[PDB]
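Protein chains in written order, with PDB author numbering: chain A, 0 to 111; chain A', 0 to 111. A prime marks a further copy of an entry chain.
C-beta atoms are modelled at their ideal positions from N, C-alpha and C, and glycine is treated no differently.
Since the structure comes first, as structure tokens, the remarks are kept for the end.
Protein chains: 2
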Amino acid sequence: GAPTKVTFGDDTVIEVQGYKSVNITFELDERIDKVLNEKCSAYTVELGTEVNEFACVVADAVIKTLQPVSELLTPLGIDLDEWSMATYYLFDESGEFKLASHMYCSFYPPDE
Amino acid sequence: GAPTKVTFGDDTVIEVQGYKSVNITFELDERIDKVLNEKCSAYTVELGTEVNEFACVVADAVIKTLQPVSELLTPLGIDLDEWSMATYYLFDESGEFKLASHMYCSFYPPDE
Ligand SMILES: [Cl-]
Ligand SMILES: [Cl-]
Ligand SMILES: [Cl-]
Ligand SMILES: [Cl-]
Ligand SMILES: [Cl-]
């Protein structure tokens with residue numbers, strides 16, 4: 000959670016921190032997966048981050064995106080309080096719990 | 000005041016921020032210049048920082064170091080309130096207002 004310090008010759012010091020560009024395709028609710036892919040799909044996370052920890056980041060981003068329009072989600076049958084503390088799963092294109100270029104976000108594990 | 004973003008191939012992103020290791024030799028008050036060189040002489044500053052802005056950083060570090068012992072500085076004739084808003088000068092080994100490996104901190108400009 001802190002950058003790496005690299006020292007060179009003439010007392011010059013650079014701090015380097017690594018990240019990976021993660022784009023999330025949402026499979027939470029088919030009727031709003033489109034707007035979730037537009038408004039809260041781009042993420043930049045440290046290489047050392049755990050997927051179970053990155054889950055809470057995407058989770059808060061989902062609720063923070065949907066809270067201003069919660070009253071429009073009630074006629075769709077979506078209760079944010081149910082979503083606000085539900086379990087969020089992320090996995091790579093092959094259904095593995097590893098960070099990757101493209102990932103899926105679903106309420107259910109990646110099938111088999 | 001923000002790091003530089005560098006993108007590589009497989010969606011890997013690194014943030015790089017540069018600094019220079021500055022060690023200050025104090026010429027403020029001969030009787031306490033020793034302890035100032037021991038307790039608040041090491042600094043790490045961005046390459047783009049201005050010296051007049053780095054002056055306020057060293058200034059607050061001086062007062063923050065001396066405030067717990069202000070009552071010991073009164074018999075020495077040092078008033079921190081006078082120091083707390085005095086003018087601080089920094090210059091390189093050749094008396095230039097440029098950041099360098101080694102710098103001097105004095106209440107007076109670098110002579111000629
Ligand atoms: Cl409502
Ligand atoms: Cl990947
Ligand atoms: Cl950084
Ligand atoms: Cl006193
Ligand atoms: Cl230098």
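- request: Report back the beta-carbon spacing between residue 27(A) and residue 104(A) to the nearest angstrom; my notes put them in contact at under 8 Å.
  value: 6 Å
query: Among residues of its own chain, excluding the 5 on either side of residue 38(A'), which ones have a beta-carbon nearer than 7 Å to its beta-carbon?
result: 64
query: Got a sec: does ligand 1 put a non-hydrogen atom nearer than 8 Å to the Cβ of residue 69(A)?
result: yes
Boundaries (first-last residue) of the beta strand (DSSP E) holding residue 3(A'): 3–6
message: For residue 19(A'), report the span of its beta strand (DSSP E) as first-last.
response: 11–25
- prompt: Roughly how many whole angstroms lie between the Cα atoms of residue 22(A') and residue 41(A')?
  reply: 5 Å
task: Would you mind telling me which residues of chain A sit closer than 9 Å to residue 11(A'), beta carbon to beta carbon, in chain order?
output: 17, 18, 19, 20, 46
task: Taking only the alpha-carbon atoms, compute the straight-line gap between residue 55(A) and residue 14(A') and give it to the nearest angstrom.
output: 23 Å
- request: Determine the chain A' residues that contact residue 43(A) at a beta-carbon separation under 7 Å, and present them in chain order.
  value: 12
field: Where the alpha helix (DSSP H) containing residue 64(A') begins and where it ends
entry: 50–65
query: Can you give the beta carbon distance from residue 87(A') to residue 57(A'), rounded, assuming they're within the 8 Å contact cut?
result: 6 Å
message: Rounded to whole angstroms, what is the Cα-Cα separation between residue 32(A) and residue 61(A)?
response: 11 Å
message: On the CB-based measure, 16 or more other CB atoms within 10 Å of its CB, does residue 25(A') come out buried or exposed?
response: buried
- request: Run the proximity test for residue 99(A): is its beta-carbon closer than 8 Å to any non-hydrogen atom belonging to ligand 2?
  value: yes
field: Helix, strand or coil at residue 83(A) according to DSSP, with G and I counted as helix
entry: helix
field: Paired residues, beta bridge with residue 89(A') - DSSP
entry: 104(A')
message: Let me make sure I understand the geometry here. Which of 6(A), 30(A), 12(A), 1(A) has the alpha-carbon closest to that of residue 74(A)?
response: 30(A)
field: Extent of the continuous beta strand (DSSP E) to which residue 45(A') belongs
entry: 41–45
- prompt: Considering only the beta carbon of each residue, do residue 113(A') and residue 3(A) sit closer than 9 Å?
  reply: Because chain A' here runs from 0 to 111, residue 113(A') falls outside it and cannot be looked at.
message: Can you find the residues in the same chain that come closer than 6 Å, C-beta to C-beta, to residue 35(A), ignoring five residues on each side of it along the sequence?
response: 25
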